[PDB]
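Peer 1: To be precise about what I am sending: the file is called run_38.csv and holds CSV, C-alpha atoms.
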chain,number,residue,atom,x,y,z
A,51,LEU,CA,-0.5,-15.8,-25.7
A,52,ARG,CA,-1.7,-12.2,-25.2
A,53,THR,CA,1.4,-11.5,-23.1
A,54,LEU,CA,3.6,-13.1,-25.8
A,55,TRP,CA,1.9,-10.9,-28.5
A,56,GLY,CA,2.4,-7.8,-26.4
A,57,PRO,CA,6.1,-8.8,-25.9
A,58,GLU,CA,6.6,-9.3,-29.6
A,59,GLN,CA,4.5,-6.2,-30.5
A,60,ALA,CA,6.6,-3.1,-29.5
A,61,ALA,CA,8.8,-1.4,-26.9
A,62,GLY,CA,11.1,-4.4,-26.5
A,63,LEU,CA,11.8,-4.3,-22.8
A,64,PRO,CA,15.3,-4.6,-21.4
A,65,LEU,CA,13.3,-5.6,-18.2
A,66,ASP,CA,12.4,-9.3,-18.4
A,67,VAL,CA,8.7,-8.9,-17.7
A,68,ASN,CA,7.0,-12.1,-16.5
A,69,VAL,CA,3.3,-12.4,-15.8
A,70,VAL,CA,1.3,-14.8,-13.6
A,71,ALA,CA,-2.4,-14.9,-14.2
A,72,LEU,CA,-5.4,-16.7,-12.7
A,73,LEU,CA,-9.2,-17.0,-13.0
A,74,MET,CA,-11.4,-16.9,-10.0
A,75,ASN,CA,-15.0,-15.9,-8.9
A,76,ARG,CA,-14.5,-14.9,-5.2
A,77,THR,CA,-14.9,-11.6,-3.3
A,78,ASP,CA,-13.0,-13.3,-0.6
A,79,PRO,CA,-10.1,-12.0,1.6
A,80,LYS,CA,-8.6,-15.4,2.4
A,81,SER,CA,-8.3,-15.9,-1.3
A,82,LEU,CA,-6.6,-12.5,-1.3
A,83,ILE,CA,-4.3,-13.6,1.5
A,84,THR,CA,-3.4,-16.9,-0.2
A,85,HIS,CA,-2.9,-15.6,-3.7
A,86,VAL,CA,-1.3,-12.3,-2.8
A,87,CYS,CA,1.0,-13.5,0.0
A,88,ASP,CA,2.1,-16.6,-2.0
A,89,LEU,CA,2.9,-14.4,-5.0
A,90,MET,CA,4.7,-11.9,-2.8
A,91,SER,CA,6.8,-14.7,-1.5
A,92,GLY,CA,7.5,-15.7,-5.1
A,93,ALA,CA,10.0,-13.3,-6.6
A,94,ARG,CA,8.3,-10.1,-5.4
A,95,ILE,CA,5.9,-9.5,-8.2
A,96,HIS,CA,5.8,-5.9,-9.3
A,97,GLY,CA,2.8,-5.4,-11.6
A,98,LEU,CA,-1.0,-5.9,-10.9
A,99,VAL,CA,-3.9,-6.2,-13.3
B,298,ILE,CA,1.4,1.6,-19.4
B,299,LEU,CA,3.4,-0.3,-16.8
B,300,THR,CA,6.3,-0.6,-19.2
B,301,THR,CA,6.4,3.1,-20.1
B,302,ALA,CA,6.4,3.7,-16.3
B,303,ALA,CA,9.2,1.3,-16.0
B,304,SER,CA,11.1,2.9,-18.9
B,305,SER,CA,10.7,6.3,-17.1
B,306,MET,CA,12.1,4.5,-14.1
B,307,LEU,CA,15.1,3.4,-16.2
B,308,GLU,CA,15.4,7.0,-17.3
B,309,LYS,CA,15.3,8.6,-13.9
B,310,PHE,CA,16.8,5.7,-12.0
B,311,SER,CA,18.7,2.6,-13.1
B,312,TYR,CA,17.3,0.5,-10.2
B,313,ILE,CA,13.8,-0.4,-9.0
B,314,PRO,CA,12.4,-0.5,-5.5
B,315,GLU,CA,11.4,-4.2,-5.1
B,316,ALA,CA,8.2,-5.5,-3.8
B,317,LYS,CA,7.9,-6.7,-0.3
B,318,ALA,CA,8.7,-10.3,0.8
B,319,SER,CA,6.1,-11.5,3.2
B,320,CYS,CA,2.7,-10.5,4.8
B,321,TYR,CA,3.9,-11.5,8.2
B,322,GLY,CA,6.8,-9.2,9.1
B,323,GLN,CA,7.8,-5.6,9.1
B,324,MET,CA,11.6,-5.6,8.9
B,325,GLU,CA,12.8,-2.0,8.9
B,326,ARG,CA,10.2,0.5,7.7
B,327,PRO,CA,8.2,1.5,4.7
B,328,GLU,CA,10.7,4.1,3.5
B,329,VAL,CA,10.1,4.3,-0.3
B,330,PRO,CA,13.7,5.6,-0.9
B,331,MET,CA,13.6,4.6,-4.6
B,332,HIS,CA,10.4,6.6,-5.4
B,333,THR,CA,7.7,4.4,-6.9
B,334,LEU,CA,5.6,5.0,-10.1
B,335,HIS,CA,3.4,8.0,-9.0
B,336,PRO,CA,5.5,10.5,-10.9
B,337,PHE,CA,6.2,7.8,-13.5
B,338,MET,CA,2.5,7.0,-14.1
B,339,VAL,CA,2.0,10.7,-15.0
B,340,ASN,CA,3.1,10.5,-18.6
B,341,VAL,CA,1.9,7.4,-20.5
B,342,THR,CA,1.2,7.4,-24.3
B,343,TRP,CA,0.4,4.3,-26.5
B,344,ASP,CA,-0.2,4.0,-30.1
B,345,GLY,CA,-1.8,7.4,-30.6
B,346,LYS,CA,-3.8,7.0,-27.4
B,347,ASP,CA,-2.7,9.0,-24.4
C,25,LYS,CA,-28.9,-17.7,18.2
C,26,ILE,CA,-25.2,-17.7,19.2
C,27,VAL,CA,-23.9,-14.2,18.7
C,28,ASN,CA,-20.1,-13.9,18.7
C,29,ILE,CA,-18.9,-10.4,19.5
C,30,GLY,CA,-15.2,-9.5,19.1
C,31,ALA,CA,-13.0,-7.0,20.9
C,32,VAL,CA,-9.6,-5.5,19.8
C,33,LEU,CA,-7.6,-4.4,22.8
C,34,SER,CA,-4.0,-4.7,23.8
C,35,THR,CA,-4.7,-6.3,27.2
C,36,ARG,CA,-6.7,-9.3,28.3
C,37,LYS,CA,-7.9,-8.2,31.7
C,38,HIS,CA,-10.2,-5.8,30.0
C,39,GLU,CA,-11.1,-8.7,27.6
C,40,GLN,CA,-12.2,-10.5,30.8
C,41,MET,CA,-14.1,-7.3,31.6
C,42,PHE,CA,-15.8,-7.8,28.3
C,43,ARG,CA,-16.5,-11.4,29.3
C,44,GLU,CA,-18.1,-10.4,32.6
C,45,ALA,CA,-20.1,-7.7,30.8
C,46,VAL,CA,-21.3,-10.4,28.4
C,47,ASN,CA,-22.4,-12.3,31.6
C,48,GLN,CA,-24.2,-9.1,32.7
C,49,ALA,CA,-25.8,-8.9,29.2
C,50,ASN,CA,-27.0,-12.4,29.6
C,51,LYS,CA,-28.4,-11.3,33.0
C,52,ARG,CA,-29.7,-7.9,32.1
C,53,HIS,CA,-32.9,-7.7,30.1
C,54,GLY,CA,-31.8,-10.3,27.6
C,55,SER,CA,-32.9,-13.9,28.0
C,56,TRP,CA,-32.6,-17.0,27.6
C,57,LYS,CA,-31.6,-19.9,25.6
C,58,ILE,CA,-27.9,-19.7,24.6
C,59,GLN,CA,-26.9,-16.7,22.4
C,60,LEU,CA,-23.3,-15.6,23.2
C,61,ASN,CA,-19.8,-17.1,23.1
C,62,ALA,CA,-16.7,-15.1,23.9
C,63,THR,CA,-14.2,-13.8,21.3
C,64,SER,CA,-11.5,-11.2,22.2
C,65,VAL,CA,-8.2,-10.5,20.4
C,66,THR,CA,-5.2,-8.3,21.4
C,67,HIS,CA,-3.3,-6.2,19.0
C,68,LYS,CA,-1.0,-8.0,16.6
C,69,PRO,CA,2.8,-7.4,16.2
C,70,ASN,CA,2.6,-7.3,12.4
C,71,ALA,CA,0.4,-4.5,11.2
C,72,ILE,CA,0.3,-6.0,7.7
C,73,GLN,CA,-1.5,-9.1,9.0
C,74,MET,CA,-4.4,-7.8,11.1
C,75,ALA,CA,-7.0,-10.1,9.6
C,76,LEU,CA,-5.6,-13.6,10.4
C,77,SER,CA,-7.6,-13.8,13.6
C,78,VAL,CA,-10.5,-12.0,11.8
C,79,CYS,CA,-11.1,-14.6,9.1
C,80,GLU,CA,-9.5,-17.7,10.6
C,81,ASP,CA,-10.8,-17.0,14.1
C,82,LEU,CA,-13.5,-14.4,14.2
C,83,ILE,CA,-15.4,-14.6,10.9
C,84,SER,CA,-14.9,-18.4,11.1
C,85,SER,CA,-16.7,-18.1,14.5
C,86,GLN,CA,-19.2,-15.7,12.9
C,87,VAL,CA,-18.4,-12.5,14.8
C,88,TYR,CA,-21.1,-9.8,14.2
C,89,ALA,CA,-19.3,-6.9,15.8
C,90,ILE,CA,-15.8,-5.9,17.1
C,91,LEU,CA,-14.9,-3.3,19.6
C,92,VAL,CA,-11.5,-1.8,18.7
C,93,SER,CA,-8.9,0.2,20.6
C,94,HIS,CA,-6.2,2.4,19.1
C,95,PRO,CA,-3.0,0.4,19.1
C,96,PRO,CA,-0.6,-1.3,21.5
C,97,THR,CA,1.2,2.0,21.6
C,98,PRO,CA,-2.0,4.0,20.7
C,99,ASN,CA,0.1,6.9,19.5
C,100,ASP,CA,1.9,5.8,16.3
What would the structure in this file look like if it were written as structure tokens?
Peer 2:
Amino acid sequence: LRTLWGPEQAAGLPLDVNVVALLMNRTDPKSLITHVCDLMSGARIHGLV
Amino acid sequence: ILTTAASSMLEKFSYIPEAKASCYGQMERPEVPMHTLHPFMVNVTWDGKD
Amino acid sequence: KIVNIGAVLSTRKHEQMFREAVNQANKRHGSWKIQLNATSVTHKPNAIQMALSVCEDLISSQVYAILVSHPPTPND
């Protein structure tokens, strides 16, 4: 909903910006490998928050 | 901030250097021929806040 | 007790040299129940990866320390 409100807010983006978000609690590099490499396999995600 | 960096991309380029594919291969090189956001993250202003 | 100690080389003959030096270490001034098992990894062909053996194979085997060479070309 925050992404939808930012999209309807301003600067209306000829680039189709699409965001994939998750909640964790780990300081863990295998979690980094799984999440990062599986999202790099999926459509080559360009932004990071 | 990212979308003003991407708008400055669409100013100074019309294309985007895509992200990598896999963690398990190195195909050609790491030649950033399309010049990622470090000059494009220089100038970002939003809503009266720089 | 069991201390796993890693080694990053390009070869495996010197990994066997590490293994025989671990035998020496069990012999020399350090004794005796069981405290050492052998872990030794060569260089990887993908320099992105570099931690697959580390978490899946070394940290999963609880490696305390790793002895690392330059690279398989050692000059790039």
Peer 1: At most 9 Å is the cut-off: for each residue in chain C with any atom that close to an atom of chain B, write down the nearest atom pair and the distance in Å rounded to one decimal, counting all atoms listed in the file, chain first then increasing number, as a tab-separated table.
Peer 2:
residue	atom	partner	partner_atom	distance
C:69	CA	B:322	CA	8.3
C:70	CA	B:322	CA	5.7
C:71	CA	B:323	CA	7.8
C:72	CA	B:320	CA	5.9
C:73	CA	B:321	CA	6.0
Peer 1: Counting all atoms listed in the file, give me one row per residue of chain C with an atom at most 10 Å from an atom of chain A, showing the shortest contact pair and its distance in Å to one decimal, sorted by chain then residue number, as CSV.
Peer 2:
residue,atom,partner,partner_atom,distance
C:73,CA,A:83,CA,9.2
C:75,CA,A:79,CA,8.8
C:76,CA,A:80,CA,8.7
C:79,CA,A:80,CA,7.2
C:80,CA,A:80,CA,8.6
Peer 1: Considering all atoms listed in the file, can you say which of B:329, B:316, B:299, B:338 comes closest to residue 87 of chain A?
Peer 2: B:316
Peer 1: Would you list which chain B residues are within 12 Å of chain A using all atoms listed in the file, as a VMD selection string?
Peer 2: chain B and resid 298 to 304 306 to 307 311 to 322 333 to 334 342 to 344
Peer 1: Save out the residues we just selected, C-alpha atoms, as a JSON list (two decimals), in the coordinates of the input.
Peer 2:
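The result, stored in part_20.json:
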[["chain", "number", "residue", "atom", "x", "y", "z"],
["B", 298, "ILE", "CA", 1.40, 1.60, -19.40],
["B", 299, "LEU", "CA", 3.40, -0.30, -16.80],
["B", 300, "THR", "CA", 6.30, -0.60, -19.20],
["B", 301, "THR", "CA", 6.40, 3.10, -20.10],
["B", 302, "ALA", "CA", 6.40, 3.70, -16.30],
["B", 303, "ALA", "CA", 9.20, 1.30, -16.00],
["B", 304, "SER", "CA", 11.10, 2.90, -18.90],
["B", 306, "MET", "CA", 12.10, 4.50, -14.10],
["B", 307, "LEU", "CA", 15.10, 3.40, -16.20],
["B", 311, "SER", "CA", 18.70, 2.60, -13.10],
["B", 312, "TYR", "CA", 17.30, 0.50, -10.20],
["B", 313, "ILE", "CA", 13.80, -0.40, -9.00],
["B", 314, "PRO", "CA", 12.40, -0.50, -5.50],
["B", 315, "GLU", "CA", 11.40, -4.20, -5.10],
["B", 316, "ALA", "CA", 8.20, -5.50, -3.80],
["B", 317, "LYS", "CA", 7.90, -6.70, -0.30],
["B", 318, "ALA", "CA", 8.70, -10.30, 0.80],
["B", 319, "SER", "CA", 6.10, -11.50, 3.20],
["B", 320, "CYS", "CA", 2.70, -10.50, 4.80],
["B", 321, "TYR", "CA", 3.90, -11.50, 8.20],
["B", 322, "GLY", "CA", 6.80, -9.20, 9.10],
["B", 333, "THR", "CA", 7.70, 4.40, -6.90],
["B", 334, "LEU", "CA", 5.60, 5.00, -10.10],
["B", 342, "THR", "CA", 1.20, 7.40, -24.30],
["B", 343, "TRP", "CA", 0.40, 4.30, -26.50],
["B", 344, "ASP", "CA", -0.20, 4.00, -30.10]]
Peer 1: Give me, please, the distance in Å between atom CA of residue 67 of chain C and atom CA of residue 43 of chain C, quoted to one decimal.
Peer 2: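 Here the two named atoms are 17.5 Å from each other.
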Peer 1: Just give me the gap between atom CA of residue 57 of chain C and atom CA of residue 25 of chain C in Å, one decimal is fine.
Peer 2: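 According to the coordinates, atom CA of residue 57 of chain C and atom CA of residue 25 of chain C are separated by 8.2 Å.
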Peer 1: State, in Å with one decimal place, the distance from atom CA of residue 332 of chain B to atom CA of residue 66 of chain A.
Peer 2: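 For atom CA of residue 332 of chain B relative to atom CA of residue 66 of chain A, the distance reads 20.6 Å.
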Peer 1: Which residues, written as a PyMOL selection string, have at least one atom at most 12 Å from segment 26-33 of chain C, with all atoms listed in the file counted and residues fewer than 6 positions away on the same chain left out?
Peer 2: chain C and resi 39-43+45-46+49-50+56-68+74-75+77-79+81-98
